[PDB]
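Peer 1: Following this: a sequence and the matching experimental structure.
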Amino acid sequence: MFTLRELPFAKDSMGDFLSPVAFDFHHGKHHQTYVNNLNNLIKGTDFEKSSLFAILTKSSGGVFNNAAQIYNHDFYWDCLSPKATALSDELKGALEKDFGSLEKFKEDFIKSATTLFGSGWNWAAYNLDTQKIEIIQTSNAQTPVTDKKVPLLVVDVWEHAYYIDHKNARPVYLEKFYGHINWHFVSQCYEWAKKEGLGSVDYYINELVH
Amino acid sequence: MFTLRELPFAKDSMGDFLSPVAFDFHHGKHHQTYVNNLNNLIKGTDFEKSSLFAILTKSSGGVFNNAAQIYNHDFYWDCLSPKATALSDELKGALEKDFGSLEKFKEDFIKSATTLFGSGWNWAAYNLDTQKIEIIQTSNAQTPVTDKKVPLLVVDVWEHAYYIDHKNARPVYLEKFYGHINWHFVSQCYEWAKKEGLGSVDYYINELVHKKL
Ligand SMILES: [Fe+3]
Ligand SMILES: [Fe+3]
């Protein structure tokens, strides 16, 4: 049984992007609800004492939906920062190699998050076999982790993530999101994806959050 | 070449269920956008001069997403009424038969609409082979029509359909929706589903909603 993580920044620290109320609802209610739903669903089952990483990579159905949503949001929050941070030279190099330039990566990342139809998530994930960074869009609760890929960056595109401050204007929301990307954290994720592979995710969930 | 349908009621007629602003965005922007997207996507293609029913039942990809979303919303708007209207004796009989009672149908319909995960629609559709009314949930833009079934009632559960007035409280939104069901329209759909089958859908789209001028 898990507990909702603390937001890694103050609710009023990103006024050009999300408002305190947006956070109250997204984190305080939606995220909270996924935590409570998982706890209630695993009670008396094979996962009642399993780690989130365990449940995430092994479960399915509702248990998965909730487990994954808890992970996706936790990851999403860490991808955000009040103030801009710099990219590690390795991440920068990797992005320019796999995308041509940082500007092209942005363009590709945003366009992909713009066209994702219905509820979902838009990721930048490290492929272990290809050793390349891919821009992947997943629907509803899915996450690249179940495809053996390591999340480096993600933006929530479920409408509840931006309707309060932006209504239907997802593009504006995306542009504001990009400006607040916690490159420092994206850099960490990359470095460890290369060193521990999918194991870095395990560590993240268990040693960095839950 | 399509144009956004007129809302079948006043934007301020839906009490605490849907507010005028909610309508400005849902109909005025989301629905409007699917119309504009489809028009732009078919320009210069095989579907350029096709009817919505045609495109809806034959296309796929983005063309389908937009085509279906146009239909789904059109249908959704007609399922709403400033005040709940009456059920035809046939529809009532049919619902009691396939669900036990109206109250049980409500219970089942609402529960199915409540658990549908992610974006989607919650329908009550007539099965032509079984001649039974089924409660079906579809994801994103899908609609029973592609499974040869006739929509009788639907509720939009994409979050944009209720976030403005209800935020995350889909259940409250669903309970309010139910109180505004245009049974008169649901009855029409049923009668014609039995008489013209999937053809009633064709007529609905081409003849009474998107009649070119
Ligand atoms: Fe979310
Ligand atoms: Fe809608």
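Peer 2: Yep, it's here. Numbering: from 1, shown residues only, chains lettered A, B, ... in the order given. Ligands and ions are numbered 1, 2, ... in the order given.

Peer 1: what sits against residue A:210?
Peer 2: Listed by CB atoms under 8 Å, 6 or more residues apart in numbering or on different chains, the contact set of residue A:210 reads A:2, A:3, A:5, A:51, A:52. All C-beta spots, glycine's among them, are computed from the backbone N, C-alpha and C.

Peer 1: same thing but 6 Å
Peer 2: A:2, A:52 (CB atoms under 6 Å, 6 or more residues apart in numbering or on different chains).

Peer 1: any idea how far it is from ligand 1?
Peer 2: The gap separating residue A:210 from ligand 1 is 18 Å, by CB to the ion, to the nearest Å.

Peer 1: In contact with the residue in chain A positioned nearest to ligand 1, which residues are there?
Peer 2: Using CB to the ion, the closest approach of chain A to ligand 1 is made by residue A:156 at 4.2 Å. By CB under 6 Å, 6+ apart, residue A:156 lies in contact with A:76, A:121.

Peer 1: try the one 10 residues further on
Peer 2: Neighbour list for residue A:166: A:172, A:173 [criterion: CB under 6 Å, 6+ apart].

Peer 1: swap in residue A:149?
Peer 2: Residues in contact with residue A:149 (CB under 6 Å, 6+ apart) are A:125, A:127.

Peer 1: quick one: secondary structure of residue A:38?
Peer 2: helix (DSSP: H, G, I helix; E, B strand; the rest coil).

Peer 1: same deal with residue A:134?
Peer 2: Strictly by three-state DSSP, residue A:134 counts as strand.

Peer 1: Next: residue A:126.
Peer 2: Under three-state DSSP, residue A:126 comes out as strand.

Peer 1: what does residue A:48 give?
Peer 2: Three states are possible here, and by three-state DSSP the one that applies to residue A:48 is coil.

Peer 1: Now it: closest residue in space, sequence neighbours ignored.
Peer 2: residue A:42 (4.9 Å; CB to CB, 6 or more residues apart in numbering or on different chains).

Peer 1: is it true that the one you found touches residue A:49?
Peer 2: No: applying CB atoms under 6 Å as the test, residue A:42 and residue A:49 come out as separate, 8.4 Å apart.

Peer 1: Just want to know which of those two has more residues nearby.
Peer 2: residue A:42 (20 against 9; other CB atoms under 10 Å in any protein chain shown).

Peer 1: Tell me the spacing between the residue of chain A positioned farthest from its centre and residue B:164.
Peer 2: Residue farthest from the centre of chain A, counting by CA atoms, centre = their mean, is residue A:44 at 28.9 Å. Note on residue A:44: its distance to residue B:164, by CB to CB, to the nearest Å, is 39 Å.

Peer 1: that older thread, any idea whether the residue farthest from the centre of chain A is helix, strand or coil?
Peer 2: Residue A:44 ends up coil, using three-state DSSP.

Peer 1: Any buried residues in the longest helix seen in chain A, and which?
Peer 2: Using DSSP state H, we find that the single longest helix of chain A is helix A:61-78. In terms of neighbour count (16 or more other CB atoms under 10 Å in any protein chain shown), helix A:61-78 has its buried residues at A:63-78.

Peer 1: Distance from it to the middle of the chain?
Peer 2: 9 Å (CA atoms, centre = their mean, to the nearest Å).

Peer 1: CA atoms only: put that helix into CSV for me.
Peer 2: Only the C-alpha atoms of helix A:61-78 are listed here, as CSV (Å, rounded to 0.1, in the frame of the first residue of the first chain):
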residue,chain,number,x,y,z
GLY,A,61,-6.4,-4.8,-16.0
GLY,A,62,-7.5,-2.2,-13.4
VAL,A,63,-4.6,-3.0,-11.2
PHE,A,64,-2.3,-2.1,-14.0
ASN,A,65,-4.3,1.0,-15.0
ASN,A,66,-3.9,2.4,-11.5
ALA,A,67,-0.4,1.2,-10.9
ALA,A,68,0.9,2.7,-14.2
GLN,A,69,-1.0,6.0,-13.7
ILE,A,70,0.7,6.4,-10.3
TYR,A,71,4.0,5.9,-12.0
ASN,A,72,3.3,8.1,-15.0
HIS,A,73,2.2,11.0,-12.8
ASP,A,74,5.1,10.6,-10.4
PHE,A,75,7.4,10.7,-13.4
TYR,A,76,5.6,13.7,-14.9
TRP,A,77,5.9,15.7,-11.7
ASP,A,78,9.7,15.2,-11.7
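
Peer 1: Let me know the angle separating that helix from helix B:102-115.
Peer 2: 40 degrees (axes from the mean of the first three to the mean of the last three CA atoms, to 10 degrees).

Peer 1: Which parts of chain A belong to which domain?
Peer 2: By the assignment in curated CATH domains, chain A contains the domains A:19-81, A:82-210.

Peer 1: gap between the two ends of the last one?
Peer 2: The distance separating the two terminal residues of domain A:82-210, taken as CA to CA, to the nearest Å, comes to 23 Å.

Peer 1: who in chain A is up against ligand 2?
Peer 2: Residues of chain A found near ligand 2 (CB under 5 Å from the ion): none.

Peer 1: What are the boundaries of the helices in chain A?
Peer 2: A:20-25, A:32-42, A:52-58, A:61-78, A:89-99, A:102-115, A:163-166, A:170-179, A:183-196, A:199-203.

Peer 1: Give me whichever of the ones you listed is most buried.
Peer 2: Mean neighbour count (mean count of other CB atoms under 10 Å in any protein chain shown) peaks for helix A:61-78 among the helices of chain A, with a mean of 22.

Peer 1: neighbours around whatever residue of chain A ends up closest to ligand 2, how many?
Peer 2: Nearest residue of chain A to ligand 2 (CB to the ion) works out as residue A:159 at 9.7 Å. Using other CB under 10 Å, the number of residues around residue A:159 comes to 22.

Peer 1: Grab the nearest non-local neighbour of it.
Peer 2: The shortest distance from residue A:159 to any non-neighbouring residue, by CB to CB, 6+ apart, is to residue B:159 (4.1 Å).
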